[PDB]
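query22.txt (compact mmCIF, C-alpha atoms (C1' of nucleotides))
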```txt
# COMPACT_ATOMS: atom_id res chain seq x y z
CA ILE A 441 12.57 -23.66 -14.80
CA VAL A 442 16.06 -23.47 -13.28
CA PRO A 443 17.26 -22.44 -9.79
CA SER A 444 18.73 -18.98 -9.15
CA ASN A 445 22.07 -20.51 -8.17
CA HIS A 446 22.47 -22.37 -11.47
CA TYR A 447 26.04 -22.48 -12.80
CA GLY A 448 26.75 -22.74 -16.52
CA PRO A 449 24.74 -22.24 -19.74
CA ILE A 450 20.93 -22.15 -19.63
CA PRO A 451 19.40 -25.18 -21.42
CA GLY A 452 17.91 -24.41 -24.84
CA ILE A 453 19.64 -21.05 -25.13
CA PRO A 454 22.60 -21.11 -27.58
CA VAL A 455 25.35 -18.49 -27.78
CA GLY A 456 24.27 -15.63 -30.04
CA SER A 457 20.80 -15.20 -28.56
CA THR A 458 19.82 -11.54 -28.32
CA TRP A 459 17.15 -9.66 -26.36
CA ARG A 460 16.26 -5.97 -26.53
CA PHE A 461 15.70 -5.39 -22.81
CA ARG A 462 17.39 -6.56 -19.60
CA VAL A 463 14.03 -7.71 -18.22
CA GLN A 464 13.83 -10.21 -21.10
CA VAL A 465 17.21 -11.56 -20.03
CA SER A 466 15.89 -11.75 -16.47
CA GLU A 467 12.78 -13.72 -17.43
CA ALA A 468 14.93 -15.93 -19.65
CA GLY A 469 16.93 -16.83 -16.54
CA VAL A 470 20.24 -15.86 -18.13
CA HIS A 471 20.75 -12.79 -15.92
CA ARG A 472 18.14 -12.48 -13.17
CA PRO A 473 18.76 -8.91 -11.96
CA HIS A 474 16.80 -6.21 -13.80
CA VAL A 475 19.43 -3.55 -13.13
CA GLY A 476 22.48 -5.05 -11.43
CA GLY A 477 25.43 -5.95 -13.63
CA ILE A 478 26.53 -8.96 -11.60
CA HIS A 479 24.41 -11.92 -10.52
CA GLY A 480 26.02 -13.96 -7.75
CA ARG A 481 26.13 -14.71 -4.02
CA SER A 482 28.78 -13.31 -1.66
CA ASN A 483 29.40 -16.63 0.10
CA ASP A 484 29.14 -18.89 -2.95
CA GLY A 485 30.11 -17.33 -6.27
CA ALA A 486 29.00 -15.37 -9.33
CA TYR A 487 26.59 -16.80 -11.89
CA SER A 488 26.53 -14.09 -14.56
CA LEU A 489 27.70 -10.63 -15.63
CA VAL A 490 26.97 -7.90 -18.18
CA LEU A 491 29.31 -5.72 -20.26
CA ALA A 492 27.63 -2.37 -20.88
CA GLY A 493 30.68 -0.11 -21.05
CA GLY A 494 30.09 1.34 -17.59
CA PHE A 495 33.83 1.88 -17.17
CA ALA A 496 35.83 3.78 -19.79
CA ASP A 497 39.05 2.02 -18.79
CA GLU A 498 37.81 -1.51 -19.48
CA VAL A 499 39.10 -3.54 -22.43
CA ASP A 500 37.68 -6.32 -24.60
CA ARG A 501 39.60 -8.70 -26.86
CA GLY A 502 36.69 -11.11 -27.23
CA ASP A 503 38.30 -14.24 -25.80
CA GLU A 504 39.61 -12.11 -22.93
CA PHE A 505 38.32 -8.95 -21.24
CA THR A 506 38.56 -6.89 -18.05
CA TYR A 507 35.65 -6.21 -15.71
CA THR A 508 35.06 -3.80 -12.83
CA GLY A 509 33.21 -4.35 -9.55
CA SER A 510 30.25 -2.31 -8.33
CA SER A 525 32.66 8.56 -5.09
CA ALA A 526 34.57 6.20 -2.80
CA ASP A 527 36.93 3.21 -2.89
CA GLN A 528 35.42 -0.17 -3.75
CA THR A 529 35.55 -3.21 -1.47
CA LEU A 530 35.60 -6.98 -2.03
CA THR A 531 32.09 -7.62 -0.71
CA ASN A 532 28.71 -8.81 -2.03
CA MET A 533 28.79 -9.29 -5.80
CA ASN A 534 32.50 -8.45 -5.99
CA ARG A 535 33.44 -11.13 -3.45
CA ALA A 536 31.05 -13.45 -5.28
CA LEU A 537 32.94 -12.90 -8.53
CA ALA A 538 36.24 -13.33 -6.68
CA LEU A 539 35.13 -16.74 -5.40
CA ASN A 540 34.78 -18.06 -8.95
CA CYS A 541 38.54 -17.76 -9.43
CA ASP A 542 40.47 -20.96 -8.72
CA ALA A 543 42.68 -19.31 -6.10
CA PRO A 544 42.83 -18.41 -2.38
CA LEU A 545 40.90 -15.25 -1.50
CA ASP A 546 43.09 -12.17 -1.05
CA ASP A 547 41.35 -8.91 -0.17
CA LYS A 548 44.61 -6.95 -0.24
CA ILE A 549 46.42 -7.56 -3.53
CA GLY A 550 44.11 -10.11 -5.12
CA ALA A 551 45.26 -13.43 -6.55
CA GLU A 552 45.94 -15.36 -9.76
CA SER A 553 44.40 -18.76 -10.52
CA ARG A 554 46.68 -21.79 -10.76
CA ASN A 555 44.29 -23.51 -13.17
CA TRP A 556 41.99 -20.93 -14.76
CA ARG A 557 39.87 -23.62 -16.42
CA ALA A 558 39.13 -25.05 -12.97
CA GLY A 559 37.45 -21.77 -12.03
CA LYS A 560 33.68 -21.42 -11.73
CA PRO A 561 31.79 -20.80 -15.01
CA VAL A 562 30.30 -17.35 -15.63
CA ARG A 563 27.56 -16.48 -18.12
CA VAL A 564 28.64 -13.35 -19.99
CA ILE A 565 26.22 -10.97 -21.72
CA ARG A 566 27.44 -8.12 -23.93
CA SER A 567 25.18 -5.10 -24.36
CA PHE A 568 25.15 -2.65 -27.27
CA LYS A 569 25.88 0.04 -24.67
CA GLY A 570 29.41 -1.37 -24.53
CA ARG A 571 30.06 -0.13 -28.08
CA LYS A 572 31.70 2.99 -26.65
CA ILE A 573 34.56 0.96 -25.16
CA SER A 574 34.30 -2.41 -26.91
CA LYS A 575 34.33 -3.33 -30.60
CA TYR A 576 32.80 -6.70 -29.71
CA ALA A 577 29.57 -5.22 -28.37
CA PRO A 578 26.49 -6.11 -30.46
CA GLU A 579 24.71 -3.57 -32.67
CA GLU A 580 21.43 -3.94 -30.78
CA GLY A 581 20.12 -5.25 -27.46
CA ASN A 582 21.86 -7.74 -25.19
CA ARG A 583 23.77 -10.74 -26.53
CA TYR A 584 24.70 -13.91 -24.66
CA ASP A 585 28.28 -14.69 -25.67
CA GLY A 586 28.82 -17.79 -23.55
CA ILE A 587 30.90 -19.03 -20.64
CA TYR A 588 33.96 -17.22 -19.27
CA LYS A 589 36.21 -17.87 -16.28
CA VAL A 590 38.13 -15.66 -13.86
CA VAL A 591 41.88 -15.96 -14.44
CA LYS A 592 42.81 -13.38 -11.79
CA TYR A 593 41.66 -10.29 -9.90
CA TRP A 594 43.27 -7.28 -8.23
CA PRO A 595 42.46 -3.83 -6.77
CA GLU A 596 43.55 -0.68 -8.61
CA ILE A 597 42.96 3.06 -8.89
CA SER A 598 40.50 3.75 -11.72
CA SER A 599 41.97 5.87 -14.51
CA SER A 600 38.55 7.36 -15.25
CA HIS A 601 37.68 8.81 -11.83
CA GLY A 602 40.74 8.31 -9.64
CA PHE A 603 39.18 6.02 -7.03
CA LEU A 604 40.14 2.44 -6.15
CA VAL A 605 38.28 -0.27 -8.06
CA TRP A 606 38.47 -4.06 -8.23
CA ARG A 607 39.46 -5.47 -11.61
CA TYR A 608 38.80 -8.95 -12.98
CA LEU A 609 40.24 -10.88 -15.92
CA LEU A 610 37.74 -13.05 -17.79
CA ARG A 611 38.81 -15.63 -20.37
CA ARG A 612 36.46 -17.62 -22.62
CA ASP A 613 36.15 -21.39 -22.29
CA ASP A 614 33.16 -22.61 -24.28
CA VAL A 615 32.64 -25.32 -26.90
CA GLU A 616 30.12 -23.02 -28.59
CA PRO A 617 31.72 -20.76 -31.24
CA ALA A 618 31.90 -17.01 -30.61
CA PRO A 619 29.26 -14.91 -32.45
CA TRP A 620 31.95 -12.78 -34.12
CA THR A 621 33.84 -15.81 -35.44
CA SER A 622 33.05 -17.30 -38.86
CA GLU A 623 31.72 -20.51 -37.29
CA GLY A 624 29.58 -18.54 -34.85
CA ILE A 625 28.25 -16.49 -37.75
CA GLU A 626 27.37 -19.65 -39.68
CA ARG A 627 25.67 -21.07 -36.59
CA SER A 628 23.71 -17.90 -35.78
CA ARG A 629 22.57 -17.76 -39.41
CA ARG A 630 21.73 -21.47 -39.44
CA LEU A 631 19.52 -21.16 -36.35
CA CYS A 632 18.13 -17.83 -37.60
CA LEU A 633 19.09 -16.11 -34.34
CA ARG A 634 17.84 -12.52 -34.55
CA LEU A 635 16.98 -9.61 -32.24
CA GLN A 636 13.87 -10.51 -30.25
CA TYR A 637 11.52 -7.79 -29.03
CA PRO A 638 8.95 -8.30 -26.24
CA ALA A 639 5.62 -9.80 -27.33
CA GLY A 640 3.47 -7.16 -29.02
CA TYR A 641 6.06 -4.38 -28.90
CA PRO A 642 5.30 -1.14 -30.81
CA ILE B 441 -2.73 10.19 -27.58
CA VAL B 442 -1.83 13.28 -25.53
CA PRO B 443 1.29 15.50 -25.51
CA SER B 444 3.94 15.12 -22.81
CA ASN B 445 3.29 18.66 -21.59
CA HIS B 446 -0.43 18.05 -21.01
CA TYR B 447 -1.86 19.76 -17.92
CA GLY B 448 -4.82 18.32 -16.04
CA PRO B 449 -6.63 14.94 -15.91
CA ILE B 450 -6.10 12.36 -18.66
CA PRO B 451 -9.30 11.80 -20.72
CA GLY B 452 -11.14 8.55 -19.97
CA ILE B 453 -9.25 7.91 -16.74
CA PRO B 454 -11.34 8.62 -13.60
CA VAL B 455 -9.97 9.08 -10.08
CA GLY B 456 -9.55 5.72 -8.37
CA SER B 457 -7.82 3.96 -11.26
CA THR B 458 -5.04 1.66 -10.05
CA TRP B 459 -2.06 0.01 -11.75
CA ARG B 460 0.42 -2.47 -10.28
CA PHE B 461 3.57 -1.13 -11.92
CA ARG B 462 4.99 2.33 -12.68
CA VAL B 463 5.50 1.34 -16.32
CA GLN B 464 1.72 0.94 -16.65
CA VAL B 465 1.33 4.50 -15.38
CA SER B 466 3.95 5.60 -17.90
CA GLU B 467 2.22 3.94 -20.85
CA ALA B 468 -1.11 5.30 -19.62
CA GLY B 469 0.35 8.79 -19.93
CA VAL B 470 -0.51 9.68 -16.34
CA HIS B 471 3.11 9.71 -15.16
CA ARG B 472 5.64 9.34 -17.97
CA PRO B 473 8.83 8.66 -15.97
CA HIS B 474 9.48 4.99 -15.21
CA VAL B 475 11.36 5.75 -11.99
CA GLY B 476 11.32 9.49 -11.32
CA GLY B 477 8.79 10.85 -8.85
CA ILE B 478 8.19 14.17 -10.59
CA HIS B 479 7.18 14.77 -14.20
CA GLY B 480 7.66 18.36 -15.31
CA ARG B 481 9.85 20.81 -17.21
CA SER B 482 12.26 23.23 -15.52
CA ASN B 483 11.23 26.21 -17.66
CA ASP B 484 7.50 25.47 -17.80
CA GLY B 485 6.01 23.60 -14.85
CA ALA B 486 5.21 20.22 -13.32
CA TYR B 487 2.65 17.85 -14.82
CA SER B 488 2.54 15.02 -12.28
CA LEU B 489 3.98 13.55 -9.08
CA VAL B 490 4.08 10.31 -7.06
CA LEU B 491 3.80 9.71 -3.31
CA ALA B 492 5.79 6.59 -2.40
CA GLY B 493 6.84 7.49 1.14
CA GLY B 494 10.42 8.29 0.18
CA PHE B 495 10.64 10.80 3.02
CA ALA B 496 9.78 9.80 6.59
CA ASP B 497 8.97 13.40 7.55
CA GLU B 498 6.23 13.92 4.96
CA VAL B 499 2.57 14.16 5.97
CA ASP B 500 -0.74 13.37 4.29
CA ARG B 501 -4.20 14.59 5.28
CA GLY B 502 -5.79 13.58 1.99
CA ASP B 503 -7.00 16.99 0.86
CA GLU B 504 -3.59 18.39 1.81
CA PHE B 505 -0.09 16.90 1.92
CA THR B 506 3.60 17.80 1.92
CA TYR B 507 6.09 16.79 -0.77
CA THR B 508 9.88 16.81 -1.06
CA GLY B 509 12.09 17.65 -4.04
CA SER B 510 14.69 15.36 -5.60
CA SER B 525 24.25 13.47 0.72
CA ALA B 526 24.09 17.19 -0.08
CA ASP B 527 21.70 20.16 0.07
CA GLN B 528 18.96 20.28 -2.55
CA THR B 529 18.50 23.10 -5.06
CA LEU B 530 15.54 24.65 -6.86
CA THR B 531 16.42 23.29 -10.31
CA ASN B 532 15.01 20.84 -12.87
CA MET B 533 11.91 19.05 -11.55
CA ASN B 534 11.92 21.05 -8.31
CA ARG B 535 11.85 24.38 -10.15
CA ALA B 536 9.20 22.87 -12.42
CA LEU B 537 7.00 22.11 -9.41
CA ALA B 538 7.71 25.58 -8.01
CA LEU B 539 6.47 27.19 -11.23
CA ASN B 540 3.02 25.66 -10.77
CA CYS B 541 2.47 27.78 -7.67
CA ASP B 542 0.63 31.06 -8.29
CA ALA B 543 3.44 33.17 -6.82
CA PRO B 544 6.75 34.87 -7.70
CA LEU B 545 9.73 32.50 -7.75
CA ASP B 546 11.93 32.74 -4.66
CA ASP B 547 14.98 30.48 -4.48
CA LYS B 548 15.92 31.74 -1.02
CA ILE B 549 12.92 31.47 1.31
CA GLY B 550 10.26 30.28 -1.13
CA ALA B 551 6.86 31.91 -1.52
CA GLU B 552 3.15 31.54 -0.77
CA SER B 553 0.45 31.72 -3.45
CA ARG B 554 -2.03 34.60 -3.38
CA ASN B 555 -4.66 32.47 -5.10
CA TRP B 556 -3.81 28.78 -4.72
CA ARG B 557 -6.63 27.74 -7.07
CA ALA B 558 -5.04 29.85 -9.81
CA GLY B 559 -1.96 27.64 -9.61
CA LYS B 560 -1.15 25.06 -12.28
CA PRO B 561 -2.92 21.67 -11.93
CA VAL B 562 -0.86 18.64 -10.87
CA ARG B 563 -1.79 14.98 -11.35
CA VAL B 564 -1.14 13.15 -8.08
CA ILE B 565 -0.53 9.40 -7.81
CA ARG B 566 -0.35 7.63 -4.45
CA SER B 567 1.63 4.38 -4.21
CA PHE B 568 1.20 1.56 -1.70
CA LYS B 569 4.83 2.20 -0.74
CA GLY B 570 3.58 5.33 1.02
CA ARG B 571 1.77 3.21 3.62
CA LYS B 572 4.71 3.60 6.00
CA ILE B 573 4.10 7.34 6.31
CA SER B 574 0.58 7.85 4.94
CA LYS B 575 -2.76 6.34 5.94
CA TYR B 576 -4.16 7.43 2.58
CA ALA B 577 -1.81 5.24 0.54
CA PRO B 578 -3.60 2.43 -1.35
CA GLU B 579 -3.29 -1.22 -0.32
CA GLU B 580 -1.81 -2.23 -3.67
CA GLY B 581 -0.17 -0.64 -6.70
CA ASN B 582 -0.43 3.00 -7.73
CA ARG B 583 -3.66 4.99 -7.46
CA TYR B 584 -4.55 8.20 -9.30
CA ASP B 585 -6.19 10.46 -6.71
CA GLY B 586 -6.78 13.49 -8.92
CA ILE B 587 -5.70 17.10 -9.29
CA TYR B 588 -3.79 19.03 -6.63
CA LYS B 589 -2.29 22.52 -6.57
CA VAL B 590 0.76 24.09 -4.95
CA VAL B 591 -0.25 26.46 -2.15
CA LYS B 592 3.33 27.30 -1.14
CA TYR B 593 6.91 26.06 -1.04
CA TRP B 594 9.99 26.61 1.13
CA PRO B 595 13.47 25.20 1.88
CA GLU B 596 14.16 23.40 5.17
CA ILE B 597 16.58 21.04 6.90
CA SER B 598 15.27 17.47 6.63
CA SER B 599 14.54 15.85 9.99
CA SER B 600 15.39 12.42 8.57
CA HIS B 601 18.94 13.05 7.33
CA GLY B 602 19.86 16.57 8.41
CA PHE B 603 20.34 18.09 4.96
CA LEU B 604 18.44 20.95 3.32
CA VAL B 605 15.41 19.95 1.26
CA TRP B 606 12.70 21.83 -0.62
CA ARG B 607 9.17 21.30 0.71
CA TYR B 608 5.88 21.76 -1.12
CA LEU B 609 2.28 22.07 0.06
CA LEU B 610 -0.29 20.39 -2.18
CA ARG B 611 -4.03 20.94 -1.79
CA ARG B 612 -6.74 19.05 -3.68
CA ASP B 613 -9.00 20.83 -6.16
CA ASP B 614 -10.97 18.29 -8.18
CA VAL B 615 -14.66 17.85 -8.98
CA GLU B 616 -14.12 14.08 -8.80
CA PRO B 617 -14.69 12.65 -5.30
CA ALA B 618 -11.72 11.30 -3.34
CA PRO B 619 -11.32 7.48 -3.33
CA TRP B 620 -11.39 7.35 0.48
CA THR B 621 -14.61 9.38 0.69
CA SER B 622 -18.03 7.70 0.68
CA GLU B 623 -18.90 9.21 -2.71
CA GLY B 624 -15.56 8.13 -4.15
CA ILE B 625 -16.16 4.64 -2.79
CA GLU B 626 -19.61 4.54 -4.40
CA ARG B 627 -18.13 5.75 -7.68
CA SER B 628 -15.21 3.31 -7.67
CA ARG B 629 -17.65 0.50 -6.94
CA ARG B 630 -20.07 1.72 -9.61
CA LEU B 631 -17.35 1.74 -12.28
CA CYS B 632 -15.89 -1.53 -10.98
CA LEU B 633 -12.45 0.04 -10.59
CA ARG B 634 -10.05 -2.68 -9.44
CA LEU B 635 -6.31 -3.41 -9.38
CA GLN B 636 -5.13 -3.96 -12.95
CA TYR B 637 -2.15 -6.20 -13.67
CA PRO B 638 -0.18 -6.14 -16.95
CA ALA B 639 -1.61 -8.25 -19.79
CA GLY B 640 -0.82 -11.92 -19.23
CA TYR B 641 0.86 -11.48 -15.85
CA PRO B 642 1.73 -14.66 -13.87
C1' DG C 1 11.82 -6.35 5.22
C1' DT C 2 16.49 -4.27 4.68
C1' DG C 3 20.35 -3.34 1.54
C1' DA C 4 22.15 -3.32 -3.34
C1' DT C 5 22.01 -2.36 -8.48
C1' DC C 6 26.59 -1.43 -15.95
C1' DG C 7 18.04 0.04 -16.80
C1' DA C 8 14.65 3.15 -19.77
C1' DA C 9 11.92 7.63 -20.49
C1' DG C 10 11.99 12.18 -20.20
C1' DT C 11 13.90 16.45 -20.16
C1' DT C 12 17.59 19.37 -21.50
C1' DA D 1 23.56 12.27 -26.79
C1' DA D 2 24.43 13.51 -21.61
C1' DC D 3 22.01 14.07 -17.49
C1' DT D 4 18.30 13.51 -13.87
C1' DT D 5 15.23 10.36 -11.80
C1' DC D 6 10.32 8.46 -4.68
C1' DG D 7 11.36 0.59 -9.68
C1' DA D 8 11.70 -4.78 -9.96
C1' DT D 9 14.17 -8.11 -9.12
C1' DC D 10 17.12 -11.07 -6.33
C1' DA D 11 20.84 -11.32 -2.46
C1' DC D 12 21.13 -10.92 2.87
```

Encoded form (structure tokens):
Amino acid sequence: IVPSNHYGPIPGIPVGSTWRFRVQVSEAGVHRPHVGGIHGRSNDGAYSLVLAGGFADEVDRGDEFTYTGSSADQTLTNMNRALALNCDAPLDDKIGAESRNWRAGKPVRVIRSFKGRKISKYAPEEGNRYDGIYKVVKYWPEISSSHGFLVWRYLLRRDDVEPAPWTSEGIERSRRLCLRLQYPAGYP
Amino acid sequence: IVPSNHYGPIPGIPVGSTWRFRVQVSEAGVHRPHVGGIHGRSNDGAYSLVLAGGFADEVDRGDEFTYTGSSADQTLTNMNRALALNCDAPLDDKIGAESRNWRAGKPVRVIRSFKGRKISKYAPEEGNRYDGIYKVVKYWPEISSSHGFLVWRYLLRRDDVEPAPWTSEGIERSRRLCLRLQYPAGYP
DNA sequence: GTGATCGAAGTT
DNA sequence: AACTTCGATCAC
């Protein structure tokens, strides 16, 4: 339906949509990789990402959250560099950079998984929930507090006309459209 | 239908049956893990295994083949110990052991994947093929020729009344039962 | 085809 | 519930 390098929201899929399995999200076109947390291209940008609480030192305030790139020190390559390119700022592989106009940054589809409940209060009760479009305000390398190795950190800030699922308006909208947890066809 | 610790062939499923994906094999009960190559229990034995050519130094003569346990030296624990228990011989975590009566060993369901074509001429053209029951003749630790680290090796020998799929009789049987590559229901 | 990956079942 | 584990997809 849509190309793999599609930026922005997927047509016909409103914020609050929830799928049980990652493969459902892949077939839906929201997040193509079956396993990988980040969908993007190293010489273009990042198209989507998933919060599944993989890092104990990550935070989540809903409108803003931190993200970590994918036994050794991490580097700004592949998906990490892809995510870095979305930031409206010159690329800096040493100390990172901060966007001058964060809203000018490339749009990123953000999906929160229930697995993130161990680090995030905004994680859904079940499955994987599309929470909308976020943008990279800044990024920088740092030593991870959870395993002592260097990791790349990213700041994501929400910029979407669609109301957040945890907000009253988002609740009213999710209820209005009867958005509920969808299992695969004929699931036991 | 059957317990997870079931030894021997799965009822109603003849040798030569082929599925495209591992998940099909999991749901069929032939090999429960979705990813893992070995299905067994560390304090009981091994129930099934998959040949997908993961090790370049493995061999396959059809009736007999070598298998390797799952950056560092391997140990005789978990699935490896499980596979070791199937051998009719005292457990030896130093130099391994050789069965006195290999036919007395515990039965192991063996599934060959097309991925094994790079090392095995017996690997199927497509998907994953159940080739029947094998038994562990012996096992021993050795330095892997493909990455220089210590690995545990296993010798499997076929003992099944059902004819092998590559044999004339197995061909005639597979043809007779119209056994062909099965895709998941409603696959594009 | 080679290299990469915040997924699900099973065992423990 | 934590750990172990020879898939499926898309990026290069």

Residues of chain C no more than 12 Å from chain B, counting all atoms listed in the file: send them over as a PyMOL selection string. chain C and resi 7-12

Compile the contact shell of segment 484-498 of chain A as JSON, numbers by chain: residues with an atom at most 7 Å away, counting only C-alpha atoms (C1' of nucleotides), same-chain residues fewer than 2 positions apart removed. {"A": [445, 446, 447, 471, 477, 478, 479, 480, 481, 482, 506, 507, 536, 537, 539, 540, 562, 563, 564, 565, 566, 567, 568, 569, 570, 572, 573, 599, 600], "C": [6]}

How close does chain D get to chain B? List, as a tab-separated table, each residue of chain D within 7 Å, its nearest atom pair and the distance in Å to one decimal, counting only C-alpha atoms (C1' of nucleotides).
```
residue	atom	partner	partner_atom	distance
D:5	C1'	B:476	CA	4.0
D:6	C1'	B:494	CA	4.9
D:7	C1'	B:475	CA	5.7
```

For chain B, report every residue with an atom at most 12 Å from chain A (counting only C-alpha atoms), formatted as a PyMOL selection string. chain B and resi 467+525+639-640+642

Point-to-point distance from atom CA of residue 601 of chain B to atom CA of residue 578 of chain B, Å rounded to tenths: 26.4 Å

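Candidate residues A:590, A:545, A:455, A:450 were compared for distance to residue 468 of chain A, and the nearest is A:450, using all atoms listed in the file.
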
Figure out the distance between atom CA of residue 585 of chain B and atom CA of residue 597 of chain B, please, to one decimal in Å.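 Straight-line distance from atom CA of residue 597 of chain B to atom CA of residue 585 of chain B works out to 28.6 Å.
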
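Counting from atom CA of residue 611 of chain B, the distance to atom CA of residue 553 of chain B is 11.8 Å.
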
Compile the contact shell of segment 612-616 of chain B as a ChimeraX atom specification: residues with an atom at most 8 Å away, counting only C-alpha atoms (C1' of nucleotides), same-chain residues fewer than 2 positions apart removed. /B:454-455,502-504,557,586-589,610,618,624

Grab all the atoms of segment 551-554 of chain A that the file lists, wrap them in a box along x, y and z, add 6 Å per side, and give me centre plus edge lengths in Å (one decimal) as lines of an AutoDock Vina configuration file.
```
center_x = 45.5
center_y = -17.6
center_z = -8.7
size_x = 14.3
size_y = 20.4
size_z = 16.2
```
